[PDB]
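Provided below as structure tokens are two forms of one protein chain, presented individually as structure 1 and structure 2.
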Structure 1
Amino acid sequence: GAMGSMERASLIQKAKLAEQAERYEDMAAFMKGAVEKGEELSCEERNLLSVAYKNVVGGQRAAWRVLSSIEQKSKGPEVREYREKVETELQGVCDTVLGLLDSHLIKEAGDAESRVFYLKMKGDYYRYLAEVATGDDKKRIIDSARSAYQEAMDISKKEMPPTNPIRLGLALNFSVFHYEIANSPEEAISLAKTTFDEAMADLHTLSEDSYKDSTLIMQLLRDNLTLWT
């Protein structure tokens, strides 16, 4: 790979420079190179990886939605063709992330924070593939996303407190999966309510560091619940 000749520490440094310059495609490429060195990522390095690829795929998803909305309720082939181009690029980025998770990052060892973080990421990027897939492929992708999310949930409920921001963000995303991807509004609503309820019941045991982080996500859960009811 193009980063094979660069020192791990220099790749991390350059990822941070790319973030400052808002060059997220570069940032993701540096972090991919760092992952491929084969060593575990620190918490700070996990966040760099996630920020980089979330920004890359976030832009592709937003474009795909723009084009898909123009295509729907609308003729020449141009809009479909360009929507398909964006879709293909998006799938390529998701396949890269999922390959990195499988080949390097998801392991039986390590603390709960790291194991849940990577399994949630796996569920998220399968969910992004599901947003654009059709037919038998979409059914396979949905089951893969569910399986990853459920493995992350099983860990988070045994190894993390109900106010932990990673556990909360996982439940939030899995409930979105239930509502938007899996056609299971009742499971989405249930999961989001239970998750909010149990966070609220334990809010007094919250360490200052993770106050804003926790309540921000609790806010997102409630605002989704407003919509699904």
Structure 2
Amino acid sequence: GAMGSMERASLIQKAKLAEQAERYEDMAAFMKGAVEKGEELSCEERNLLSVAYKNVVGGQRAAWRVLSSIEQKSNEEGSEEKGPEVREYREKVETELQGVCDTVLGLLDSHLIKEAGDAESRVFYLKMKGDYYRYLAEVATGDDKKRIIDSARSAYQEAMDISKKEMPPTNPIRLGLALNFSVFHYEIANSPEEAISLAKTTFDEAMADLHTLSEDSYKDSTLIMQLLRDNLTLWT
């Protein structure tokens, strides 16, 4: 790996610089190098890893949606034949997106998840596993689409089971997991009622636990609760 000669601490320092410079591909490469040093990641380091790849894949997803929309309009009755270029370029972006997802899933499998014993780390990584399988599902169309969907579901479900046993209902990781699993239900699994039920129950159980929190924790939790509420407003 091109980061193999750089100190772990230097990779983390440069990931933070890359974030400040909005250089998310660099940020992700630095964090991949840091993971590949083989040591577990601190909470701060896990968040750097997630921010970097979420930004990279987010740009790819947005581009893929633009191109997929153009491609779909091209196959509508009365559209002129423009040749293979739209499909080819959509496929190019798709393959790059899949490659990033495979890279993240590879880091999680080798060996972040298996060494993660604390609830906060294990839930974080299993949520990430669900997210990156979800991104693969968004572009899947062939035989394996059902298996990709089931992989996302299984990762999210294991994360949910741990989070419900080991974390309070206001914990921001637990809340973000529930948010993303509800989006999985709505957008991927064709289960809008499950999505709505999960978002509602998560919101209500968090609301009931806010009284236990400091001002700063209250701010953190209510921010994510508002995202649950925003989705409920859109979906109902």
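Structure 1's sequence is the ruler for residue numbers, which start at 1. Superpose the two forms; the largest set of C-alphas matching within 1.5 Å is the rigid core.
Core-superposed comparison between structure 1 and structure 2: the C-alpha position of residue 110 differs by no less than 2 Å. Relative displacement of the residue 202 Cα between structure 1 and structure 2 on rigid core alignment is 1.2 Å. On rigid-core superposition between structure 1 and structure 2, the C-alpha of residue 136 is found to move 2.0 angstrom.
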